[PDB]
Protein chains: 2
Amino acid sequence: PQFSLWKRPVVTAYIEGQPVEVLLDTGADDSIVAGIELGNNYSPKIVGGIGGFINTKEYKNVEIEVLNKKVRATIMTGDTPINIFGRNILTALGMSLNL
Amino acid sequence: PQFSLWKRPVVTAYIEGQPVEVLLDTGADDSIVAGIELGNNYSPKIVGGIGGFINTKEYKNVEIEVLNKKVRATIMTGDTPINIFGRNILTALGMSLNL
Ligand SMILES: CC(C)CN(C[C@@H](O)[C@H](Cc1ccccc1)NC(=O)O[C@@H]1C[C@@H]2CCO[C@@H]2C1)S(=O)(=O)c1ccc(CO)cc1
Ligand SMILES: [Cl-]
Ligand SMILES: [Cl-]
Ligand SMILES: [Cl-]
Ligand SMILES: [Cl-]
Ligand SMILES: [Cl-]
Ligand SMILES: [Cl-]
Ligand SMILES: [Cl-]
Ligand SMILES: [Cl-]
Ligand code: NA
Ligand SMILES: [Zn+2]
Ligand SMILES: [Zn+2]
Ligand SMILES: [Zn+2]
Ligand SMILES: [Zn+2]
Ligand SMILES: [Zn+2]
Ligand SMILES: [Zn+2]
Ligand SMILES: [Zn+2]
Ligand SMILES: [Zn+2]
Ligand SMILES: [Zn+2]
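As a numbering rule, every chain is indexed from 1 in the order its sequence is written, which need not reproduce the entry's residue numbers; residues that lack coordinates are not presented. The order in which chains are written sets their letters, starting at A; the order in which ligands are written sets their numbers, starting at 1. Note that the side-chain values use all heavy atoms of the structure and ignore hydrogens as well as water.

Draft legend 1. Quick look at the relation of the copies chain B and chain A. Placing the copies on one another, the fit minimises squared distances between their C-alpha atoms. By a simple turn and slide, chain B fits onto chain A: the slide is 0.0 Å along the axis, the RMSD is 0.5 Å, and the turn is 177°. In short, the pair behaves as if placed about a two-fold rotation axis. For chain B, the residue whose C-alpha comes nearest the rotation axis is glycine 51 of chain B, separated from it by 1.9 Å. The residues that chain B uses at the interface reappear at the interface of chain A in 95% of cases, marking a shared surface. The criterion used for residue contact is that any of the two residues' heavy atoms lie within 4.5 Å.

Here's what the structure looks like:
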């Protein structure tokens, strides 16, 4: 696949079997999703961007299916306004950003 | 050029001659830069990031030098913790996300 960035690069992923729309985001080190519950085994952490900061719950070794690939990766949950697949997942998939 | 995403895709750029560190950000619609001073010829814009909304100053037809190219694009200045070149500039540069 190629994403020409004329539009937001948004795709459907399955996280622990739940479908979610996610933004493929080179400007995110990590990945953060809203609307899914991953359980009591997490590490709380704060992240920051435009507009401020949010509390998140960091989960390791989460099953992710996206772009017809299956990977296991770290996912934060929190009250993000958009679901973000950052570089930890993009690299796991073998994605690159090219000029 | 190629960004393999194991590290942040950060580069240096000039905005009307002013040097900046910028993050190539496929998750950003717009390009938002802090600290540079582009003058009084702007319109206010409202931008929503992970944490909430900020006001920005929108400047059109700004000269930008990055990745050995020169383009004219819209820059918004405001309080972002990381300067980001979003898809308005990535498309002007002819960049893409690939797997
Ligand atoms: C500002 C970047 C340095 C870090 N962001 C990733 C960006 O692509 C971030 C992703 C995002 C967030 C909220 C709504 C829509 C998209 N785009 C971003 O702010 O773009 C700004 C805000 C506006 C809406 C999208 O385009 C306009 C320009 S982020 O704050 O979301 C973030 C911060 C920390 C982590 C954890 O590593 C993940 C994401
Ligand atoms: Cl499986
Ligand atoms: Cl190329
Ligand atoms: Cl890299
Ligand atoms: Cl490297
Ligand atoms: Cl210059
Ligand atoms: Cl926009
Ligand atoms: Cl606006
Ligand atoms: Cl916005
Ligand atoms: Na526990
Ligand atoms: Zn499975
Ligand atoms: Zn499946
Ligand atoms: Zn909320
Ligand atoms: Zn090329
Ligand atoms: Zn590298
Ligand atoms: Zn110049
Ligand atoms: Zn830096
Ligand atoms: Zn915008
Ligand atoms: Zn505009």
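Draft legend 2. Region of interest: the sheet that holds strand β1 (residues 2–3) of chain B. The four strands are arranged β1(A)-β9(B)-β9(A)-β1(B) in an open sheet whose pairing can be described as antiparallel. The sheet terminates laterally at β1 (2–3) of chain A together with β1 of chain B, the two strands that pair on one side only. Pairing between two strands is assigned when DSSP locates at least 2 bridges connecting them. Numbering of helices and strands runs from the N terminus, with a helix taken as a DSSP run of H or I at least four residues long and a strand as a DSSP run of E at least two residues long. As defined by bridge partners, β1 of chain A adjoins strand β9 (residues 96–98) of chain B across two bridges and the pair is classed as antiparallel. Directly across from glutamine 2 of chain A, in β9 of chain B, lies its bridge partner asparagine 98 of chain B.

Draft legend 3. Region of the structure containing the nonpolar core. The biggest cluster of nonpolar side chains holds 50 residues, and the ones touching the most others in it are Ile64 and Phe85 of chain A together with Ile15, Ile64, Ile75 and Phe85 of chain B. Once you skip the residues sitting within four places of it in the chain, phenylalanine 85 of chain A turns out to touch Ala13, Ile15, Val22, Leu23, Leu24, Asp25, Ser31, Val33, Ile64, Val66, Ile75 and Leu90 of chain A. Nonpolar cores were defined as sets of buried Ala, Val, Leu, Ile, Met, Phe, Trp, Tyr and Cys residues, with membership established by side-chain atoms within 4.5 Å. Working definition: with a 1.4 Å probe on protein chains only, accessible area under 20% of the residue-type maximum means buried, over 50% means exposed, and in between means partly exposed. In terms of nonpolar packing, the next biggest core, distinct from the first, is built from eight residues, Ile50 of chain A together with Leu23, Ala28 and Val47 of chain B among them.

Draft legend 4. Up close: the interface of chain B and chain A. Listed by partner, the interface residues are 38 residues for chain B and 37 residues for chain A. When two parts are brought into contact, each loses some accessible area as probed by a 1.4 Å sphere; the total of that loss over both is the buried area. Here chain B and chain A share an interface that buries about 3400 Å² over both sides, 59% of which is from carbon and sulfur atoms. Broken down residue by residue, the surface that chain B buries against chain A is led by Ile50, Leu97 and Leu99 of chain B, which jointly contribute 25%. By definition here, a salt bridge exists when the distance from a side-chain nitrogen of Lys or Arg to a carboxyl oxygen of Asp or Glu is within 4 Å. Across the pair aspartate 29 of chain A and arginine 8 of chain B runs a salt bridge, and its minimum N-O distance is 2.8 Å. Between N or O atoms, a polar contact is any pair within 3.5 Å; within protein, one atom must be a potential hydrogen donor and the other a potential acceptor, and residues adjacent in sequence are included only when both atoms are from side chains. The interface formed by chain B and chain A includes 21 residue pairs in polar contact. At the level of secondary structure, the elements contributing two or more residues to the side of chain B that touches chain A comprise β1, β3 (18–24), β5 (43–49), β6 (52–66), α1 (87–93) and β9 of chain B. Taken together, the residues that form the side of chain B that touches chain A break down as 20 nonpolar, twelve polar and six charged. Each residue receives one of three labels: charged for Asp, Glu, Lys and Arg, nonpolar for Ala, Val, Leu, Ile, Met, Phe, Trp, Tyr, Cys and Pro, and polar for the others, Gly being one of them.

Draft legend 5. Here's a closer look at the UniProt feature "active site" in chain A. UniProt positions are given in the numbering used here, feature names are shortened, and annotations may be inferred rather than shown by experiment. Cross-referencing UniProt, the feature "active site" maps to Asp25 of chain A in the present numbering. Along the polypeptide, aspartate 25 of chain A turns up in the loop between β3 (18–24) and β4 (32–33). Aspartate 25 of chain A has contacts with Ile84, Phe85, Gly86, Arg87 and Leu90 of chain A together with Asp25, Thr26 and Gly27 of chain B, leaving out every residue within four places of it along the chain. Of the polar contacts made by the side chain of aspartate 25 of chain A, one reaches the backbone nitrogen of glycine 27 of chain A; its length is 2.8 Å.

Draft legend 6. Summary view of the site of ligand 1. Here, proximity means that at least one heavy atom of the residue falls within 4 Å of the molecule or strand. Of all residues adjacent to ligand 1, which total 24 residues, the nearest are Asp25 and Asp30 of chain A together with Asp25, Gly27 and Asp29 of chain B. Within the backbone of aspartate 29 of chain A, a nitrogen or oxygen atom sits 3.5 Å from an oxygen atom of ligand 1. Backbone polar atom of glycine 27 of chain B to a nitrogen atom of ligand 1: 3.1 Å apart, as the coordinates give it. Here the shell around ligand 1 gets three residues from one element, more than from any other, and that element is β5 of chain B. Here the residues of the shell around ligand 1 are counted per class, giving eleven nonpolar, six polar and seven charged.

Draft legend 7. Fine view of the side chain of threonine 56 of chain B. All names here are of chain B. Of note, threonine 56 is situated in strand β6. Of the residues examined, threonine 56 reaches a relative accessible area of 3% and is grouped as buried. Those residues in contact with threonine 56 that sit more than four places away from it in its chain are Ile32, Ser43, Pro44, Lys45, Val47, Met76, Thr77 and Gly78.

Draft legend 8. Main features of the side chain of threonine 80 of chain A. Following the sequence through the fold, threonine 80 of chain A ends up in the loop between β7 (69–78) and β8 (84–85). Taking the relative accessible area as the measure of exposure, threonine 80 of chain A reaches 4% and is therefore buried. Within the local environment of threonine 80 of chain A, its side chain forms a polar contact with the backbone oxygen of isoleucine 82 of chain A, the two atoms lying 2.7 Å apart. Apart from the residues lying within four places of it in its own chain, the contact partners of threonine 80 of chain A are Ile32, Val33, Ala34 and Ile54 of chain A together with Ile50 of chain B.

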